[PDB]
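Shown next are two forms of a single protein chain, provided one at a time as structure tokens under the names structure 1 and structure 2.
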Structure 1
């Protein structure tokens, strides 16, 4: 029985998924709104078919979904609920590398009634991080140990040698997704109590986070970690934090953008016209003139800087992006998306450059015999150089786990119905085994103290 999969999306993390599936003899229809993008991804790939499809078209989506055994939603997570509803009425399975949101979880019973499996959070973060966090936690518990502290930090960044731009950041996955993640309020456990961080004040929490001597990482909380007390079954943990890693200087730069209104997704009439960046910025920052001096004067009066050195650096970075120039904007209605169009222009990985994925779990453990130790679980991988034809570390670590999950749902290895995530050794072990043995993907443990 030849299997067939509908892959929604042809972006950053899709090629590895397409490769793994077609290399298994599974037919894959690659679908997104821009036919050309779908063709480019599937060009030369055996068993693949490119088509144009907008998930907003219910009739069109249902007709295509009905032609396959399962749908992979590798598109903006805002669309997952819609995709699941289509899969439910067509009785087809679903796989995503996104968080299970309340909207998605609401469809759990309906999914079960339709007898379908909606497997989520099986990319890098969320995904691989869950697999190895749970692996260690269950091991410790089985040994009568206690997890007093659970930390999990991850960052998809450019390799240090390829990080030379004002932001120390280049895109390896959804550009707008990156900006959206920069506004997420966070919550976590510290010294046994819940600590909250409001979205608009996320960057200010950034602190240097030491992993290895050679890296200059800074970190900030990632979304709400408190539910993991129950999700990972670690009620004894006083500290529980899932965080994000960036390079020195990044958060301060973002903070300024947030403070002057550049991460606002509020529709502005003036942002639908291709006006010069000078003017767009003037309106966004609310400066009295499109002059660089006036714009900067307003920005400095409304932003925070750790020092005059920082201020000089960030302002020069903003200028580098071209927001003070005559170059016309790519009108996208709101500041966030309009800025995003220019970021996509200037922060792309170039020939010969590579990305880097750093993922590290840290466990403060209290052994059964009252003894204490510190354990780390790490994954540090560089992507293949641009122009080599190889995968970036991000695409590999997201797309491969995704493909493995798809194959498991198709062959019944993952058989629970409803809206799921990698939260049971029943499916986590098989996932880890395949990723390790067949692809060399794994987190390595080590006792640090």
Structure 2
């Protein structure tokens, strides 16, 4: 009964998932575009095998999928992976949202007799388990969920947050930045509300959680489907979003107004030219001198105060965009900036990760009374270089590994395209995560 799994992905989360599975006697073949990449994320790990595989090659994917009992997709390609799993009749586990194309394969998945478990990372994943656990507790008590809010963020521990964005990139900064262009839809005062663009960041206000942290919160993706998903018809306000630290909204805006986020390719950004010229050109400065560039930046951009302005300007200088530092030529203002962002804002040795996840429920009790309850999870990662897991890697990778084990042993047996949307699936998942890994959200009241 030695089960084997095909793991797709050459990223952050792969390790914890790999460790947990192999530690359980489950064999895992790690597939990346490159053999090196796979060799890396698998060196020294028992029961693992690295290979080069082109996931977009339908014929090649099917051949490899058939050799295992389940395929794990931690990569970007989801429907394609599911279609192969359907042809080969193997199960699937992903940490991504169920998209329209994935749901479209629901019936075909059921006919092939396979389970496609999605949204079982940190968020989506752990957040679903505890949001639903609490909602059902409330409802069981005859209470009403009038407002449901959920915010989550993978950030630098405060200790190591001293950079312009109070943020450290693990994945492409280009992706993070462009994502801020996406529209967010949610329920407010009982009505569907849409927000995007500067407006999104202009709405990112301070959001209290614990005294020691200074978070700001904003809507992310589509929250409207949850009135149905979490069965909270009585909810007037439903919002799922992300957490950032104070100052993030403001530095992002300046980068925008300065035009550094332009996707446009410039002929003058093809060679390693000093940062000075780049910015002076991108900004429209009379010269490459700090004075001029800075005077153009401020005179055109609006700030909250002289101090914020002073701070944001020093932040820009800190990036090195006003220096003799040659650029990492990428043709795009955004791309070029991102290269430097990557270099200047990464987690370094000894630094720690931080995950904050908090659901908030304003409740109207059976007795007519009211109360506000929270369900929170706050965890720090192990220092870089210590060999331990970052908080993000652990909280995404372990839930995924647990789901994989449950689909393989039958604990999760529903066929089709699924998400952790009910106690039949969620209870076993929460019990294993908490009892075996100490992973859980704790409840508390306020109001």
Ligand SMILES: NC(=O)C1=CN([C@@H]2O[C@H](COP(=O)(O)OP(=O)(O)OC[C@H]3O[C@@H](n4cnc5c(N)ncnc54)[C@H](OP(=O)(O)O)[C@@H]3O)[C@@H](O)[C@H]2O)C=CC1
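For the two forms, the rigid core is made up of the largest set of C-alpha atoms that agree within 1.5 Å on superposition. Positions refer to the first chain, counted from 1.
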Of structures 1 and 2, the form deposited with the named molecule bound:
1
Sole member of 153, 253, 232, 132 with a C-alpha shift of at least 2 Å between the two structures (core-superposed)
253
Threshold 2 Å Cα movement between the two structures at residue 314, rigid core reference:
yes
Core-aligned, does residue 275 move its Cα 2 Å or more between the two structures?
yes
On a core-based superposition, does residue 332 travel 2 Å or more at its Cα between the two structures?
yes
Superposing on the core, what C-alpha displacement does residue 343 show between the two structures, in angstrom?
3.7
So with the rigid core superposed, the C-alpha of residue 54 shifts by how many Å between the two structures?
1.4
Taking the rigid core as fixed, quantify in angstrom how much the C-alpha of residue 284 shifts between the two structures.
7.8
